[PDB]
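Take a look at the structure set out below.
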Amino acid sequence: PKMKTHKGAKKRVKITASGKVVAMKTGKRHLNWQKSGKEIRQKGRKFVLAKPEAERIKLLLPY
Amino acid sequence: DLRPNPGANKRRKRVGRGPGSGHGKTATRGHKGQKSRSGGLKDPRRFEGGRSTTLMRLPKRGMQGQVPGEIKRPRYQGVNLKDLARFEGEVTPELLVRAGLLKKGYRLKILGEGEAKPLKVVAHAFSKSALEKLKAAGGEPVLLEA
Amino acid sequence: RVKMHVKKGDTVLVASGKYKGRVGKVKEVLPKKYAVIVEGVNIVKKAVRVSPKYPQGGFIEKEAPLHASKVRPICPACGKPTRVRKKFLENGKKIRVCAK
Amino acid sequence: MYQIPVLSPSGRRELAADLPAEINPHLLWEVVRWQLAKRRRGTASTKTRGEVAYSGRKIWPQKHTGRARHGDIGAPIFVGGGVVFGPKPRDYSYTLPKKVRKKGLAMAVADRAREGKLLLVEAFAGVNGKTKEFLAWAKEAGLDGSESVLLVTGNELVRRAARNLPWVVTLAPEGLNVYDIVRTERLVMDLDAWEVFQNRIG
RNA sequence: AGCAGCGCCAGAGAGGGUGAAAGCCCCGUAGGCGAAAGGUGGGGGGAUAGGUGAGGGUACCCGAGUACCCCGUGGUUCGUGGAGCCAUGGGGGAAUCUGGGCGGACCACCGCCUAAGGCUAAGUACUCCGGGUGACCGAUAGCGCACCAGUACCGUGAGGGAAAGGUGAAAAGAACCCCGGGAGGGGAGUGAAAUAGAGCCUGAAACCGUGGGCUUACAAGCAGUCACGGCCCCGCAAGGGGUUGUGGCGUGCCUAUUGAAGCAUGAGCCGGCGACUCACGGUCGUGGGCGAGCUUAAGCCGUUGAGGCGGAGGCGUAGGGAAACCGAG
RNA sequence: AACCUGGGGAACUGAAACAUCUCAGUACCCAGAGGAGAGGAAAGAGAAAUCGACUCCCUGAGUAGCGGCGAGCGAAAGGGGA
């Protein structure tokens, strides 16, 4: 009763005013070494998911 | 008007869907018929596959929390002056929450766009935008103090 | 307690059933079952002798226990309900306007 | 609407009413359903296959026995053993928007108005709590017993009177509800009782 | 007690019984009275126990193997984490207010507080117990137990654990006769009813029988089904039913499966019991109410099926950003 | 009967394995208490030069936070009331 906001979720995703789940890009923090500047930049972005994106919004809501 | 015929105004019919019958939702009863259909399965909400949800997306929301937690800090409340210019007079935080925009955020921050009023709007924080439009209207006092 | 009922051994009318109108002197109230007996109900007990002692037991058709809600008492009239007034001393029953 | 009959010694006068114009079927029903379920008492009770007074032992082996396959004599497939999804004491009530009970109370009261089955009274010459008194009174006011009536006054003496009558339901001015305005065919109440309903919405 | 004629009480027309269906017959109901005795009781009164003052000087006092530190620990939202605090197994070990603790490692300032003694009503939980009520059960239900049940019975033992309620308004429970050793029937009789006759109201299905109509002993079958004929049957008539001789056609049910009549699964038969519910929170949809607003939670008052007050809070109006911040950016 | 405080204290189970974790200080064992029990006159709370014993309900709030940051776990002041 009274579902718990999946904590491991919110700690890595934010939901936007519109309602689309923005997520942090993966693949930068370890694989690195000399990844072309063009690499570690295009990775510094955030972005959108899709169908799992809708699974996400299911895990929060009180938030 | 009497008690015969109030009747849920033709559109709310509690018609549940009991699926134990001979025709309709039947036998397997509801969308079943396969297997792994007992007391339910693992999610599907977030979890599953058995691989890795998509918990591959990584934490960035650092400053997520020490062990004490949340710090005693003011919490300025944004509220568009266009939403203020409705009623008139000498508007203050008090007169503001006394309406329906605030809910005790103490700090208020009149700002935004539209048409300010030639009134006095006491507040806890303005915007360089609201400030000037408002100077082109009436007066405006800063915050009290702490 | 409160098993106390309409009346005792005396003159009581019957607005019951098959004996509607029959009025007799009631000779036994049995509070254990809420039934009295007058001269009315008289079913014929074909049985020989109720208890082995004695020769034959007679076809005695004697009174049969009637339900008390089917019996109204009566005095200088024709049977009323029973209100109860009180003296300077003890207390007995007065019917709808009469006495005794 | 605006035409509500008023009964007085000065004769027959009228008041002006600010009751609602158009009536909402459903809305008046939702209000009743609420009223009819907040008073509902969650009581029906059944025992699961654990609350059941049975013991647990595995009745018999499950293997090489030849016989069906059973755990405890509690299993709901068994007889006497716990019901499956048995009704458990609950609260059949919900919080109906106050903005709605009003719009209901206001529509029923405004209904009898539009049906001429309302009557505002002052002169309760049928005083001192004696139904006899009340019945020689209702007469003068019209009430003959043909129509079921809702009586709503703050006058105990007045209440006690018609209180036991079968064609009337007594009531305090406060009690007025969107159900007992739709039970009676009429509705009679103190010029002070309508002065206290119109105090809530008027 | 119904139907009807004419009446009547109601602070009582809740409910229940009376041979059926009663405001009026009964018991009650609404209203109002009542304790020698035991019990209860600051709700009221009374009394006591115990409590109440300033300034100044003095430097006495103010809970000890305790504080506090360390090692091993628990509790807490805190899983050794930057790990405080309360609690303490092990070791060391103060101070009497120019004192000691706490304010999340620690230090400084500034604030909170008086450990290491103890007691305290109320709100709170509970339901063996008594009372009230039910969009609770109605004898395979409801407690296991409506009943002589925690019994019978099973187990050494702990323990487990049944079944089983019904005549009738009243026993008026069938005198006597008849057959029979009895059981049991047949008449007579009781009763409105006895096919309400005693495990007896209702009496279903399986299942067992007796009488009748149709039908079968050269006929091959998932048993049925089309077609016609004979027979028997209700009907003026046309027609309808029951049966079934002949011809045509015809691979049971569920399940499980690529695939079943299948030599795969399950079921002897009938009756009863038997499986997608509920709470809270979501997300759609939908019917409504209100709308830059919508809405109370607990309770307080009222009601004894009567609702109302209660904005604490909640969701909404501004987003971005890890944050500081900024802001229709 | 149940409820209560303290002394002890499970595993299945969930983590779709499984050790930390969970189930849980639940089950049960024990001792003690009473119509209740416990709790209680701040070495308090924590950021208002401010609240002010305790108990409970509502809320705060699935928030702060805890967590092989997995499964999951989950407060406090403050506000409303008794």
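Letters for chains follow the order of the structure tokens (A, B, ...), residue numbers begin at 1 for each chain, and ligand numbers begin at 1 in the order shown.
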Selection near residue 45 of chain F, 9 Å with only C-alpha atoms (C1' of nucleotides), sequence-local residues under 6 positions removed, as a PDB file with N, CA, C and O atoms (P, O5', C5', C4', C3', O3' and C1' of nucleotides), in the first residue's frame:
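Okay, part.pdb is ready:
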```
ATOM      1  P     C E 112      19.705  29.493  24.632  1.00  0.00           P
ATOM      2  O5'   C E 112      19.600  27.920  24.411  1.00  0.00           O
ATOM      3  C5'   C E 112      18.628  27.369  23.534  1.00  0.00           C
ATOM      4  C4'   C E 112      18.618  25.861  23.591  1.00  0.00           C
ATOM      5  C3'   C E 112      18.605  25.247  24.981  1.00  0.00           C
ATOM      6  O3'   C E 112      17.325  25.238  25.579  1.00  0.00           O
ATOM      7  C1'   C E 112      20.250  24.175  23.687  1.00  0.00           C
TER       8        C E 112
ATOM      9  P     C F  51       8.601  30.408  21.509  1.00  0.00           P
ATOM     10  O5'   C F  51       8.547  28.892  21.016  1.00  0.00           O
ATOM     11  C5'   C F  51       7.338  28.322  20.533  1.00  0.00           C
ATOM     12  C4'   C F  51       7.521  26.876  20.126  1.00  0.00           C
ATOM     13  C3'   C F  51       7.350  25.835  21.228  1.00  0.00           C
ATOM     14  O3'   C F  51       5.989  25.506  21.468  1.00  0.00           O
ATOM     15  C1'   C F  51       9.307  25.363  19.970  1.00  0.00           C
ATOM     16  P     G F  52       5.497  25.068  22.936  1.00  0.00           P
ATOM     17  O5'   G F  52       6.703  24.178  23.462  1.00  0.00           O
ATOM     18  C5'   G F  52       6.748  22.778  23.207  1.00  0.00           C
ATOM     19  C4'   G F  52       7.473  22.039  24.303  1.00  0.00           C
ATOM     20  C3'   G F  52       6.855  22.174  25.692  1.00  0.00           C
ATOM     21  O3'   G F  52       6.999  20.942  26.407  1.00  0.00           O
ATOM     22  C1'   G F  52       9.065  23.074  25.700  1.00  0.00           C
ATOM     23  P     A F  77       8.967  14.186  16.067  1.00  0.00           P
ATOM     24  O5'   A F  77       9.390  15.704  15.822  1.00  0.00           O
ATOM     25  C5'   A F  77      10.420  16.307  16.595  1.00  0.00           C
ATOM     26  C4'   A F  77      10.918  17.584  15.963  1.00  0.00           C
ATOM     27  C3'   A F  77       9.889  18.693  15.797  1.00  0.00           C
ATOM     28  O3'   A F  77       9.678  19.441  16.984  1.00  0.00           O
ATOM     29  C1'   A F  77      11.064  18.412  13.772  1.00  0.00           C
TER      30        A F  77
END
```
**Prompt:** For chain E, which residues have at least one atom within 8 Å of chain A, if we go by only C-alpha atoms (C1' of nucleotides)? Write them as a ChimeraX atom specification, please.
**Reply:** /E:279-283,319
At a cut-off of 7 Å, which residues of chain D touch chain B? Count only C-alpha atoms and give the answer as a short mmCIF file (atom, residue, chain, number, x, y, z; two decimals) with C-alpha atoms, in the first residue's frame.
```
data_model
loop_
_atom_site.label_atom_id
_atom_site.label_comp_id
_atom_site.auth_asym_id
_atom_site.auth_seq_id
_atom_site.Cartn_x
_atom_site.Cartn_y
_atom_site.Cartn_z
CA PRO D 25 -30.68 13.95 -12.30
CA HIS D 26 -27.39 12.07 -11.73
CA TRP D 29 -28.32 10.33 -7.26
CA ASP D 111 -37.58 20.17 -6.70
CA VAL D 182 -36.63 12.31 -2.00
CA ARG D 183 -38.50 9.91 0.22
#
```
message: Taking only segment 4-76 of chain C into account, list the residues labelled strand (DSSP E) by DSSP (computed from the backbone), as a list in words.
response: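 Residues of segment 4-76 of chain C classed as strand (DSSP E): residues 11, 12, 13, 23, 24, 25, 35, 36, 66, 67, 72 and 73 of chain C.
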task: Show which residues sit within 9 Å of residue 261 of chain E, as a VMD selection string. Count only C-alpha atoms (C1' of nucleotides), and ignore same-chain residues fewer than 4 positions away.
output: chain E and resid 222 251 to 252
Saved selection, atoms kept: N, CA and C atoms (P, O5', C5', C4', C3', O3' and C1' of nucleotides), as a PDB file, in the first residue's frame:
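File produced: out.pdb:
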```pdb
ATOM      1  P     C E 222     -22.110 -45.782 -34.114  1.00  0.00           P
ATOM      2  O5'   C E 222     -22.273 -44.767 -32.893  1.00  0.00           O
ATOM      3  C5'   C E 222     -21.444 -44.862 -31.738  1.00  0.00           C
ATOM      4  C4'   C E 222     -21.485 -43.595 -30.916  1.00  0.00           C
ATOM      5  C3'   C E 222     -21.115 -42.316 -31.673  1.00  0.00           C
ATOM      6  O3'   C E 222     -21.819 -41.209 -31.105  1.00  0.00           O
ATOM      7  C1'   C E 222     -19.617 -42.622 -29.900  1.00  0.00           C
ATOM      8  P     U E 251     -17.216 -40.061 -39.138  1.00  0.00           P
ATOM      9  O5'   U E 251     -16.618 -40.046 -37.664  1.00  0.00           O
ATOM     10  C5'   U E 251     -17.362 -40.570 -36.570  1.00  0.00           C
ATOM     11  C4'   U E 251     -16.576 -40.516 -35.286  1.00  0.00           C
ATOM     12  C3'   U E 251     -16.014 -39.141 -34.923  1.00  0.00           C
ATOM     13  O3'   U E 251     -16.055 -38.966 -33.507  1.00  0.00           O
ATOM     14  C1'   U E 251     -14.244 -40.696 -35.099  1.00  0.00           C
ATOM     15  P     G E 252     -16.085 -37.484 -32.878  1.00  0.00           P
ATOM     16  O5'   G E 252     -17.001 -37.670 -31.596  1.00  0.00           O
ATOM     17  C5'   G E 252     -16.760 -38.720 -30.677  1.00  0.00           C
ATOM     18  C4'   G E 252     -17.560 -38.521 -29.422  1.00  0.00           C
ATOM     19  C3'   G E 252     -17.081 -37.428 -28.500  1.00  0.00           C
ATOM     20  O3'   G E 252     -17.434 -36.144 -28.947  1.00  0.00           O
ATOM     21  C1'   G E 252     -17.624 -39.335 -27.237  1.00  0.00           C
TER      22        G E 252
END
```
Could you pull out the alpha helix (DSSP H) residues of segment 133-200 of chain D, going by DSSP on the backbone, and write them as a list in words?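 So, restricting segment 133-200 of chain D to alpha helix (DSSP H), we get residues 133, 134, 135, 136, 137, 138, 139, 140, 141, 156, 157, 158, 159, 160, 161, 162, 163, 194, 195, 196 and 197 of chain D.
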Generate a file of the selected residues that holds N, CA and C atoms, formatted as an mmCIF file, in the first residue's frame.
```
data_model
loop_
_atom_site.group_PDB
_atom_site.id
_atom_site.type_symbol
_atom_site.label_atom_id
_atom_site.label_comp_id
_atom_site.auth_asym_id
_atom_site.auth_seq_id
_atom_site.Cartn_x
_atom_site.Cartn_y
_atom_site.Cartn_z
ATOM 1 N N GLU D 133 -53.213 16.851 18.704
ATOM 2 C CA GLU D 133 -53.033 18.267 18.399
ATOM 3 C C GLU D 133 -52.468 18.476 16.994
ATOM 4 N N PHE D 134 -51.439 17.706 16.657
ATOM 5 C CA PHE D 134 -50.780 17.817 15.359
ATOM 6 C C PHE D 134 -51.725 17.498 14.201
ATOM 7 N N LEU D 135 -52.601 16.522 14.416
ATOM 8 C CA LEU D 135 -53.456 16.018 13.346
ATOM 9 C C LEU D 135 -54.648 16.930 13.025
ATOM 10 N N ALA D 136 -55.099 17.696 14.014
ATOM 11 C CA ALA D 136 -56.112 18.716 13.772
ATOM 12 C C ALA D 136 -55.431 19.949 13.183
ATOM 13 N N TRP D 137 -54.100 19.920 13.200
ATOM 14 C CA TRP D 137 -53.283 21.010 12.677
ATOM 15 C C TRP D 137 -52.915 20.773 11.218
ATOM 16 N N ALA D 138 -52.268 19.645 10.945
ATOM 17 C CA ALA D 138 -51.903 19.295 9.580
ATOM 18 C C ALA D 138 -53.096 19.496 8.653
ATOM 19 N N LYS D 139 -54.272 19.127 9.150
ATOM 20 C CA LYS D 139 -55.521 19.291 8.423
ATOM 21 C C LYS D 139 -55.635 20.704 7.859
ATOM 22 N N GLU D 140 -55.606 21.696 8.748
ATOM 23 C CA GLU D 140 -55.710 23.106 8.364
ATOM 24 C C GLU D 140 -54.672 23.485 7.307
ATOM 25 N N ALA D 141 -53.504 22.849 7.377
ATOM 26 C CA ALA D 141 -52.397 23.127 6.461
ATOM 27 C C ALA D 141 -52.525 22.337 5.164
ATOM 28 N N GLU D 156 -38.884 20.437 19.689
ATOM 29 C CA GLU D 156 -39.083 19.090 20.203
ATOM 30 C C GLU D 156 -40.557 18.761 20.356
ATOM 31 N N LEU D 157 -41.292 19.660 20.998
ATOM 32 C CA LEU D 157 -42.715 19.457 21.208
ATOM 33 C C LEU D 157 -43.379 19.142 19.871
ATOM 34 N N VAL D 158 -43.038 19.927 18.849
ATOM 35 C CA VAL D 158 -43.580 19.744 17.502
ATOM 36 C C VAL D 158 -43.146 18.411 16.912
ATOM 37 N N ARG D 159 -41.908 18.028 17.199
ATOM 38 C CA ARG D 159 -41.370 16.754 16.744
ATOM 39 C C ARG D 159 -42.172 15.616 17.344
ATOM 40 N N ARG D 160 -42.058 15.468 18.661
ATOM 41 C CA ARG D 160 -42.738 14.412 19.402
ATOM 42 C C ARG D 160 -44.106 14.095 18.810
ATOM 43 N N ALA D 161 -44.843 15.141 18.454
ATOM 44 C CA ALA D 161 -46.175 14.983 17.889
ATOM 45 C C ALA D 161 -46.189 13.977 16.738
ATOM 46 N N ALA D 162 -46.083 14.481 15.512
ATOM 47 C CA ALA D 162 -46.163 13.640 14.319
ATOM 48 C C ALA D 162 -45.064 12.586 14.285
ATOM 49 N N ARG D 163 -44.239 12.561 15.329
ATOM 50 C CA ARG D 163 -43.045 11.717 15.379
ATOM 51 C C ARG D 163 -43.307 10.225 15.152
ATOM 52 N N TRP D 194 -36.136 26.939 7.475
ATOM 53 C CA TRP D 194 -35.780 27.317 6.114
ATOM 54 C C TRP D 194 -34.895 28.541 6.201
ATOM 55 N N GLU D 195 -34.891 29.149 7.384
ATOM 56 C CA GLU D 195 -34.064 30.312 7.673
ATOM 57 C C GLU D 195 -32.677 29.832 8.088
ATOM 58 N N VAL D 196 -32.549 28.518 8.257
ATOM 59 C CA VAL D 196 -31.282 27.911 8.658
ATOM 60 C C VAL D 196 -30.723 26.995 7.564
ATOM 61 N N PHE D 197 -31.573 26.620 6.616
ATOM 62 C CA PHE D 197 -31.108 25.898 5.443
ATOM 63 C C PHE D 197 -30.590 26.915 4.440
#
```
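When atom CA of residue 193 of chain D is paired with atom CA of residue 180 of chain D, their separation reads 15.3 Å.
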| field | chain B residues near chain A (12 Å cut-off, only C-alpha atoms) as a PyMOL selection string | value | chain B and resi 43-48+53-65
Tell me as a ChimeraX atom specification which residues belonging to chain F come within 12 Å of chain B, counting only C-alpha atoms (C1' of nucleotides).
/F:14-17,46-48,63-66,69-71,75-77,79
Counting only C-alpha atoms (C1' of nucleotides), which residues in chain E sit no more than 8 Å from chain B? For each one, give the nearest pair of atoms and the distance in Å, sorted by chain then residue number, as JSON lines.
```
{"residue": "E:78", "atom": "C1'", "partner": "B:67", "partner_atom": "CA", "distance": 6.8}
{"residue": "E:104", "atom": "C1'", "partner": "B:68", "partner_atom": "CA", "distance": 6.3}
{"residue": "E:276", "atom": "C1'", "partner": "B:19", "partner_atom": "CA", "distance": 7.5}
{"residue": "E:286", "atom": "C1'", "partner": "B:12", "partner_atom": "CA", "distance": 6.9}
{"residue": "E:287", "atom": "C1'", "partner": "B:12", "partner_atom": "CA", "distance": 5.6}
{"residue": "E:292", "atom": "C1'", "partner": "B:100", "partner_atom": "CA", "distance": 7.7}
{"residue": "E:293", "atom": "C1'", "partner": "B:100", "partner_atom": "CA", "distance": 7.0}
{"residue": "E:317", "atom": "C1'", "partner": "B:101", "partner_atom": "CA", "distance": 6.7}
{"residue": "E:318", "atom": "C1'", "partner": "B:78", "partner_atom": "CA", "distance": 6.7}
{"residue": "E:322", "atom": "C1'", "partner": "B:62", "partner_atom": "CA", "distance": 5.4}
{"residue": "E:323", "atom": "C1'", "partner": "B:63", "partner_atom": "CA", "distance": 7.1}
{"residue": "E:327", "atom": "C1'", "partner": "B:112", "partner_atom": "CA", "distance": 7.7}
{"residue": "E:328", "atom": "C1'", "partner": "B:112", "partner_atom": "CA", "distance": 6.4}
```
Next on the checklist: Taking only C-alpha atoms (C1' of nucleotides) into account and nothing else, which residues of chain C lie no more than 10 Å away from chain E? Please answer as a PyMOL selection string.
Outcome noted: chain C and resi 2-3+5-6+15-18+41-49+58-59+61+64-72+80-81
Up to 8 Å from chain E, what residues of chain D turn up? Count only C-alpha atoms (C1' of nucleotides) and give them as a PyMOL selection string.
chain D and resi 26-27+39-45+53-55+76-80+84-88+97+99-100+129-131+160-161+164-166+174-177
Once you have the residues from the selection above, write them out as a tab-separated table (two decimals), in the first residue's frame, restricted to N, CA, C and O atoms.
```
chain	number	residue	atom	x	y	z
D	26	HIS	N	-28.53	12.83	-12.25
D	26	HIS	CA	-27.39	12.07	-11.73
D	26	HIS	C	-26.94	12.67	-10.42
D	26	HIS	O	-26.91	12.01	-9.38
D	27	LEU	N	-26.54	13.93	-10.49
D	27	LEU	CA	-25.91	14.58	-9.36
D	27	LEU	C	-26.67	14.32	-8.06
D	27	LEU	O	-26.07	14.12	-7.01
D	39	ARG	N	-23.65	5.20	5.60
D	39	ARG	CA	-24.42	4.64	6.70
D	39	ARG	C	-24.36	3.12	6.67
D	39	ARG	O	-24.66	2.45	7.66
D	40	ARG	N	-23.97	2.59	5.52
D	40	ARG	CA	-23.76	1.16	5.36
D	40	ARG	C	-22.72	0.67	6.36
D	40	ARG	O	-21.69	1.33	6.55
D	41	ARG	N	-22.97	-0.47	6.98
D	41	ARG	CA	-22.05	-0.96	8.00
D	41	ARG	C	-21.30	-2.23	7.60
D	41	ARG	O	-21.85	-3.33	7.64
D	42	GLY	N	-20.03	-2.05	7.22
D	42	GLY	CA	-19.17	-3.16	6.84
D	42	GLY	C	-19.10	-4.19	7.93
D	42	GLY	O	-18.46	-3.98	8.96
D	43	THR	N	-19.76	-5.32	7.72
D	43	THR	CA	-19.91	-6.31	8.77
D	43	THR	C	-19.75	-7.74	8.27
D	43	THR	O	-19.17	-8.58	8.95
D	44	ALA	N	-20.27	-8.01	7.08
D	44	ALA	CA	-20.22	-9.36	6.53
D	44	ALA	C	-18.82	-9.92	6.65
D	44	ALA	O	-17.87	-9.33	6.15
D	45	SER	N	-18.71	-11.06	7.31
D	45	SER	CA	-17.40	-11.58	7.64
D	45	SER	C	-17.26	-13.06	7.32
D	45	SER	O	-18.19	-13.85	7.54
D	53	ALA	N	-10.61	-22.75	11.88
D	53	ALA	CA	-10.27	-23.42	13.13
D	53	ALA	C	-9.63	-24.81	12.97
D	53	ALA	O	-9.53	-25.58	13.93
D	54	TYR	N	-9.19	-25.12	11.76
D	54	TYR	CA	-8.61	-26.44	11.49
D	54	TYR	C	-7.14	-26.52	11.84
D	54	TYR	O	-6.50	-25.51	12.14
D	55	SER	N	-6.62	-27.74	11.81
D	55	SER	CA	-5.20	-27.99	12.01
D	55	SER	C	-4.52	-28.07	10.66
D	55	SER	O	-5.18	-28.06	9.62
D	76	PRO	N	-9.51	-24.40	0.60
D	76	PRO	CA	-10.85	-23.94	0.24
D	76	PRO	C	-11.58	-24.90	-0.72
D	76	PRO	O	-12.80	-24.80	-0.83
D	77	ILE	N	-10.85	-25.80	-1.38
D	77	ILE	CA	-11.51	-26.82	-2.19
D	77	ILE	C	-12.19	-27.83	-1.28
D	77	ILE	O	-13.20	-28.43	-1.63
D	78	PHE	N	-11.63	-28.01	-0.09
D	78	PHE	CA	-12.28	-28.82	0.92
D	78	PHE	C	-13.60	-28.20	1.34
D	78	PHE	O	-13.90	-27.05	1.01
D	79	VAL	N	-14.40	-28.96	2.07
D	79	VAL	CA	-15.65	-28.44	2.58
D	79	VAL	C	-15.53	-28.19	4.07
D	79	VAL	O	-14.97	-29.00	4.81
D	80	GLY	N	-16.07	-27.06	4.51
D	80	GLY	CA	-15.93	-26.62	5.89
D	80	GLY	C	-14.71	-25.73	6.02
D	80	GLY	O	-14.68	-24.80	6.83
D	84	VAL	N	-12.73	-18.88	-0.10
D	84	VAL	CA	-11.70	-18.30	-0.93
D	84	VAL	C	-11.62	-16.81	-0.71
D	84	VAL	O	-10.81	-16.32	0.09
D	85	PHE	N	-12.45	-16.07	-1.43
D	85	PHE	CA	-12.40	-14.62	-1.36
D	85	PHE	C	-13.58	-14.06	-0.59
D	85	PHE	O	-14.40	-13.30	-1.12
D	86	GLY	N	-13.64	-14.44	0.68
D	86	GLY	CA	-14.74	-14.06	1.54
D	86	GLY	C	-14.73	-12.61	1.95
D	86	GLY	O	-13.68	-12.04	2.24
D	87	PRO	N	-15.92	-12.00	1.97
D	87	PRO	CA	-16.16	-10.62	2.40
D	87	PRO	C	-15.60	-10.34	3.79
D	87	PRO	O	-15.99	-10.97	4.77
D	88	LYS	N	-14.68	-9.37	3.86
D	88	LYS	CA	-14.06	-9.00	5.12
D	88	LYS	C	-14.44	-7.58	5.51
D	88	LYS	O	-14.43	-6.67	4.67
D	97	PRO	N	-17.40	15.18	-2.25
D	97	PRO	CA	-17.16	16.62	-2.30
D	97	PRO	C	-18.31	17.43	-1.69
D	97	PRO	O	-19.45	17.32	-2.15
D	99	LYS	N	-19.03	20.36	-2.00
D	99	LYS	CA	-19.59	21.19	-3.05
D	99	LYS	C	-20.72	20.46	-3.78
D	99	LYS	O	-21.46	21.05	-4.57
D	100	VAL	N	-20.85	19.17	-3.48
D	100	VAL	CA	-21.85	18.33	-4.13
D	100	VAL	C	-23.07	18.01	-3.26
D	100	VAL	O	-24.20	18.10	-3.74
D	129	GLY	N	-46.61	18.71	22.56
D	129	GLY	CA	-46.47	17.38	21.98
D	129	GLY	C	-47.57	16.35	22.19
D	129	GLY	O	-47.45	15.44	23.01
D	130	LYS	N	-48.65	16.50	21.42
D	130	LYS	CA	-49.77	15.57	21.46
D	130	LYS	C	-50.24	15.35	20.02
D	130	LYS	O	-50.82	16.25	19.40
D	131	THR	N	-49.98	14.16	19.49
D	131	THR	CA	-50.26	13.88	18.08
D	131	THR	C	-51.68	14.29	17.69
D	131	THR	O	-51.92	14.77	16.58
D	160	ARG	N	-42.06	15.47	18.66
D	160	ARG	CA	-42.74	14.41	19.40
D	160	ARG	C	-44.11	14.10	18.81
D	160	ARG	O	-44.48	12.93	18.68
D	161	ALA	N	-44.84	15.14	18.45
D	161	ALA	CA	-46.18	14.98	17.89
D	161	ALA	C	-46.19	13.98	16.74
D	161	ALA	O	-46.29	12.77	16.96
D	164	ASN	N	-44.41	9.73	15.69
D	164	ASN	CA	-44.74	8.31	15.59
D	164	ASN	C	-45.64	7.99	14.39
D	164	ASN	O	-45.89	6.83	14.08
D	165	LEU	N	-46.12	9.04	13.73
D	165	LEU	CA	-47.00	8.89	12.58
D	165	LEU	C	-46.30	8.11	11.45
D	165	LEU	O	-45.10	8.28	11.23
D	166	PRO	N	-47.05	7.24	10.76
D	166	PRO	CA	-46.52	6.40	9.68
D	166	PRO	C	-46.33	7.11	8.34
D	166	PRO	O	-45.51	6.65	7.54
D	174	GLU	N	-31.22	20.71	11.03
D	174	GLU	CA	-29.84	20.41	10.67
D	174	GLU	C	-29.76	19.13	9.85
D	174	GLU	O	-28.97	19.03	8.90
D	175	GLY	N	-30.57	18.15	10.22
D	175	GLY	CA	-30.50	16.83	9.62
D	175	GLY	C	-30.76	16.77	8.13
D	175	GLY	O	-30.21	15.92	7.44
D	176	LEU	N	-31.61	17.66	7.64
D	176	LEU	CA	-32.02	17.67	6.23
D	176	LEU	C	-30.98	17.02	5.34
D	176	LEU	O	-29.81	17.41	5.34
D	177	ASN	N	-31.41	16.03	4.57
D	177	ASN	CA	-30.49	15.27	3.73
D	177	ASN	C	-31.05	14.94	2.36
D	177	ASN	O	-32.26	14.82	2.18
```
Between F:6, F:60, F:44, F:74, which one has atoms that come closest to chain A, using only C-alpha atoms (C1' of nucleotides)?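 Under the stated criterion, the closest residue is F:74.
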As a check of understanding: the span from atom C1' of residue 20 of chain F to atom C1' of residue 68 of chain F is 6.3 Å
* Write out as a list in words each polymer residue whose atoms come within 12 Å of residue 119 of chain B, counting only C-alpha atoms (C1' of nucleotides); drop sequence neighbours fewer than 5 positions from it. => residues 81, 84, 85, 86, 87, 88, 89, 90, 91, 92, 133, 134, 135, 136, 137, 138, 139, 140 and 141 of chain B
If I take atom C1' of residue 89 of chain E and atom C1' of residue 71 of chain E, how far is one from the other in Å, to one decimal?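 Taking atom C1' of residue 89 of chain E as the start and atom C1' of residue 71 of chain E as the end point, the length is 10.1 Å.
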Find the spatial neighbours of residue 11 of chain C, counting only C-alpha atoms (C1' of nucleotides), within a cut-off of 7 Å - ignore same-chain residues fewer than 3 positions away - and output them as a compact mmCIF listing (two decimals) with N, CA, C and O atoms, in the first residue's frame.
```
# COMPACT_ATOMS: atom_id res chain seq x y z
N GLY C 24 -65.22 -19.98 30.17
CA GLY C 24 -65.24 -20.93 31.26
C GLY C 24 -64.34 -20.49 32.40
O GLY C 24 -63.67 -19.47 32.31
N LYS C 25 -64.34 -21.28 33.46
CA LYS C 25 -63.49 -21.02 34.62
C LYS C 25 -62.17 -21.75 34.42
O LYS C 25 -62.14 -22.98 34.37
N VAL C 26 -61.08 -21.00 34.29
CA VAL C 26 -59.76 -21.60 34.04
C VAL C 26 -59.17 -22.22 35.30
O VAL C 26 -58.99 -21.55 36.32
N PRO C 73 -59.61 -12.21 30.37
CA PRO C 73 -60.37 -12.19 31.62
C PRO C 73 -61.67 -11.39 31.47
O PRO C 73 -61.93 -10.92 30.37
N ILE C 74 -62.46 -11.24 32.52
CA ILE C 74 -63.71 -10.50 32.39
C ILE C 74 -64.40 -10.14 33.70
O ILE C 74 -64.46 -10.95 34.62
```
key: Shell around residue 90 of chain E at 12 Å using only C-alpha atoms (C1' of nucleotides), local window under 2 positions removed, as a PyMOL selection string   = chain E and resi 70-73+88+92
